[PDB]
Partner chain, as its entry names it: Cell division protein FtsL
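Just the one chain here, laid out as structure tokens, in the form deposited without the partner chain.
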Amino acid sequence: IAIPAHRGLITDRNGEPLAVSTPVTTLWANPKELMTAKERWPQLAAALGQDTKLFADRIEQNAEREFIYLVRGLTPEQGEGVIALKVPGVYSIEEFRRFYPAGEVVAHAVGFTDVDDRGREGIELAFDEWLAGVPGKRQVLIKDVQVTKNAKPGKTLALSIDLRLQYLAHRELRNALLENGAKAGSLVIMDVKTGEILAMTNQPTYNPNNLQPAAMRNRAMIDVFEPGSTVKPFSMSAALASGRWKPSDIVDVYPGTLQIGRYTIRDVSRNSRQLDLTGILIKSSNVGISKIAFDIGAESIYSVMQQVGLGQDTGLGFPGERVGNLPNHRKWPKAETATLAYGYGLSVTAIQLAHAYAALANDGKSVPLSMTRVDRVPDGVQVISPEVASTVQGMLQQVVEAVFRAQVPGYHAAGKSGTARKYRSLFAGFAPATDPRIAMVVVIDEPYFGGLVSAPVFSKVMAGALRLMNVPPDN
């Protein structure tokens, strides 16, 4: 007989409990021994809150089986009372069941265990080996003999998640969705200096202690979408790295449309003729980014997008995490060149978009993603040259200071809105601009598109998050 071990505590990064192994009592029975005390069954079935006929039928229909479960996960008290009845053939196992003290606030990130206390979703699965420990062994007849192997308890795990920032993102996402009539969305917050995921919240959500498939989707890691205008900063990074474009260089986007063979690119804001590179992001001109893309070639844009991880495996090993797709056409005709440049030529997740913005914010160095508390930060990879990244940072700062609704009072912030397709309203950005600390992606699944919807969410979550992290105001 196996001796189940104590499963490791999961906490947030500051030690708040997120998943707790609490001792329970499980009752199993040997049917044939139970068959010799049938007069005891009704009171046993009563004590278990079980129907007498259902109970009696399960014993008899599993007659020659010598092992069946009567009930699992009783309180130590409830289990004590049953065992006190001294019913022949009724035996107890001291087990552990998981309880989730933060419930729906962090459901998808934490995940949960199965009936056997084995990780089945989220962190519980991803880190199951760390958390599980090793069962002990117990030899029996009927008579109990020896504990021939001890259970070794699982190990504690502190997530990267900051429950304070997680609750703020949860509250603000839920309010943004209700205000917009939206039914689904996600919000990711990442530490750009450490790679840590500080908050990862989805809607709808569920209480893991108490089901609908929409509620179980860890959307930040599995909802894949074309990121649209939110990847124009990486097209611009390619343009600045090509050697052919200064930030003050000009593109004529008049009249806000561009015909490529048969398709017509149409800008959302068509009151522009000459725009500099910052102006192309401020106006979010698909025409401007296309014309720049034609000049530098799609290879250089693909290459930046690949390097910052869009459409690439995040490496987290999180279960069910999706990768999206960044097609490598090798040579791109005009239409595919433009389409990649303004973000409809690829598919990404919110985690990926946030990681990509984190590398941009961290002066072009990508720090590896982590879902667990990072005490020793691994060396990052320089994926965009520091000069280009710092230049794109400044451009994105001007985008916010002018999408005025994204301004973060007390701080210089940077970011870019977009409309995703699969429509979703998006904002990706980071703050403070002078020494970036956190990056954020907001995804709102729309039933009044784009920047007008997602930017106030960014503003409010960033305002709260920077203050929760005691970031000194830089404005």
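Numbering follows the first chain given and starts at 1.
Enquirer: Could you bin the unmodelled part of the deposited chain lying between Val115 and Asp116 as none, 1 to 3, 4 to 9, or 10 or more?
Expert: Unresolved stretch here: none.
Enquirer: What size is the break between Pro447 and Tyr448 in terms of deposited sequence residues left without coordinates: none, 1 to 3, 4 to 9, or 10 or more?
Expert: Count of unmodelled residues in between: 4 to 9.
Enquirer: Averaging only over Cα atoms, indicate whether 256-264 or 335-343 has the higher B-factor in the PDB entry.
Expert: Here the higher of the two C-alpha B-factor means belongs to 256-264.
Enquirer: So which stretch wins on mean C-alpha B-factor, 225-233 or 119-127?
Expert: Per the PDB record, 119-127.
Enquirer: Just grab whichever of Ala359, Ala293, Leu316, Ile280 has the top CA B-factor as deposited.
Expert: Max CA B-factor in the entry, restricted to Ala359, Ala293, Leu316, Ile280: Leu316.
Enquirer: Quiz for you: based on the deposited Cα B-factor, which of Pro456, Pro17, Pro23, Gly464 is highest?
Expert: Most elevated C-alpha B-factor of the set, per the entry: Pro23.
Enquirer: Could you tell me which third, lowest, middle or highest, the C-alpha B-factor of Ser186 occupies within its chain?
Expert: Within its chain, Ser186 is a lowest-third residue by C-alpha B-factor, going by the deposited values.
Enquirer: Taking the C-alpha B-factors as the PDB entry records them, is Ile59 in the lowest, middle or highest third of its chain?
Expert: For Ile59, whose C-alpha B-factor we compare with every modelled residue in the chain, the answer is the highest third.
Enquirer: Looking at the entry's B-factor column for C-alpha atoms only, identify whether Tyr411 ranks in the lowest, middle or highest third of its chain.
Expert: CA B-factor rank for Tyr411: middle third.
Enquirer: State the tercile, meaning the lowest, middle or highest third, of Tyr167 with respect to the CA B-factors recorded for its chain.
Expert: Lowest third of the chain for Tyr167's C-alpha B-factor.
Enquirer: Taking the chain's C-alpha temperature factors as the reference, tell me which third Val383 falls into: lowest, middle or highest.
Expert: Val383: CA B-factor falls in the middle third of its chain.
Heads up, the form solved in complex with the partner chain isn't pictured, but that's what we're talking about next.
Enquirer: Although the partner chain is absent from this view, report whether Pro409 comes within 4.5 Å of it in the deposited complex, heavy atoms only.
Expert: Output for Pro409 is yes: heavy atoms within 4.5 Å of the partner chain.
Enquirer: May I ask you to check whether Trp332 falls inside a 4.5 Å heavy atom distance of the partner chain in the deposited complex?
Expert: No.
Enquirer: Heavy atom to heavy atom, is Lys460 within 4.5 Å of the partner chain in the deposited complex?
Expert: Result no; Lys460 lies far from the partner chain in the deposited complex.
Enquirer: Does at least one non-hydrogen atom of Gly154 fall within 4.5 angstroms of the partner chain in the deposited complex?
Expert: Contact with the partner chain, yes.
Enquirer: Would you mind picking out the stretch of 338-346, 293-301, 98-106, 243-251 that comes within 4.5 angstroms of the partner chain in the deposited complex, counting non-hydrogen atoms?
Expert: Stretch 98-106 is the one.
Enquirer: Find the only residue in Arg171, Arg270, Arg118, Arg405 having a heavy atom within 4.5 Å of the partner chain in the deposited complex.
Expert: Contact residue from the list: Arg171.
Enquirer: Only counting heavy atoms and a 4.5 Å limit, does any residue of 128-151 reach the partner chain in the deposited complex, and if so which ones?
Expert: Stretch hits, in order: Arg138, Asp144, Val145, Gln146, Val147, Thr148, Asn150, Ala151.
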